[PDB]
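Two forms, one protein chain; structure tokens for each follow separately as structure 1 and structure 2.
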Structure 1
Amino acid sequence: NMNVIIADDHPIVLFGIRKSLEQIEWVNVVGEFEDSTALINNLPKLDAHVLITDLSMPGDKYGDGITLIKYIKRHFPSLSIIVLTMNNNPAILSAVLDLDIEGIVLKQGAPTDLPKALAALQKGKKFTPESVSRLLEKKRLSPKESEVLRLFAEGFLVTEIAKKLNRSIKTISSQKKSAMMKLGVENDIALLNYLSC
């Protein structure tokens, strides 16, 4: 059998996932945790092959999100991870791709796709749905562009940035514009909201 651990802050989500896996005869659920502290403390005590885990979840000691996933992959390299997320969030998904985890499943199609992700992990392959893989397939910022947006995100006008960094307004405008293009944002409002992440 494949021993599986499930992790999510909502207990009925926890229940739903288990009922989504009870059909699979060769699967055995060995743990269900609602916070990251319980999960980390108990990982050393369970012989699990795969973790199905949410990205958002309580526990400040080891936190949540991308850092928690990194922590787990580093310390449990024998454990294959299926990240379970509500949204298609390229920044997260890419960061997750970099850490070489074995699966991404969107919560909307979990009942259908969770069995498919486990079968795929079983036969060596990774699992991403079309919506995700299309994005993952699809020019980073220069350091000068990065400093222009930082100051812009702090409330500095282009004129104020020119003085501070000691370049012409044309150059600042150019560098900002160039950076906006790399991020795919058309206007300053969209830029600033964007930079909140």
Structure 2
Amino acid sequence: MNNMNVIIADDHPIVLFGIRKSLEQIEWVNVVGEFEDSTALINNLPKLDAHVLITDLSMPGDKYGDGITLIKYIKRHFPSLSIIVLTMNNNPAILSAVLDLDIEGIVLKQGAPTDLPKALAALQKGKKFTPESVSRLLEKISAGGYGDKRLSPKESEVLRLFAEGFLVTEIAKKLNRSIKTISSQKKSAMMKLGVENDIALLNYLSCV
């Protein structure tokens, strides 16, 4: 008698198809609309009584934004609406940015076919869902977002002093090691962070 009205939005109709199959094997879900661009979605959301939107992260919007910004748009403008984000982007920084939006869950498209029905079941109990394929990928950028390889204490110290305005020769004195050592530790640290020059490095460090 009381079921979850769902809207589904994706760029590609074979995805829209695949989701519709998964969801008609669930009696308490009613799909009340499907859309292939963000403009038709946004423009029809006021006309449709929906509890939840399942949507692609990377859907093309000519009006209301793209990607993460489009998800912010929707949250802000339809605040009662629960959102599950469906994506194929398994970059940790991207998945993390998404989760800072306080949406009701994330599902990877190449993650298990069972994840989407779990997401909705969690949501049907007022709960948020996060699959393990996502959980473990967020382990990764455990290291403060450096990546897998953390800075060594010595490496961190060198960069700390550079950021404070010391030139390499001054750091060698301050730390009592050779200039060949210091340059090698800086280089090594810059390699771990993904920076190729000092201005990029100093930019990098000023938000960290």
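Numbers follow structure 1, counted from its first residue as 1. Whichever C-alpha set is largest while still superposing within 1.5 Å between the two forms counts as the rigid core.
- Comparing C-alpha positions between the two structures after a rigid core fit, one residue in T67, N42, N28, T171 moves 2 angstroms or more. It is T171.
- Relative to the superposed core, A120 undergoes a C-alpha shift smaller than 2 Å between the two structures.
- Once the rigid core is overlaid between the two structures, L79 does not reach a Cα shift of 2 Å, moving by less than that.
- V185 shows a C-alpha shift of 2 Å or greater between the two structures [criterion: core-superposed Cα displacement of 2 Å].
- Note on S94: its Cα is shifted 1.9 Å between the two structures, core used for superposition.
- The rigid core superposition between the two structures gives a CA shift for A110 of 5.5 Å.
- With the core fitted, the CA of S131 sits 2.4 Å away from its counterpart between the two structures.
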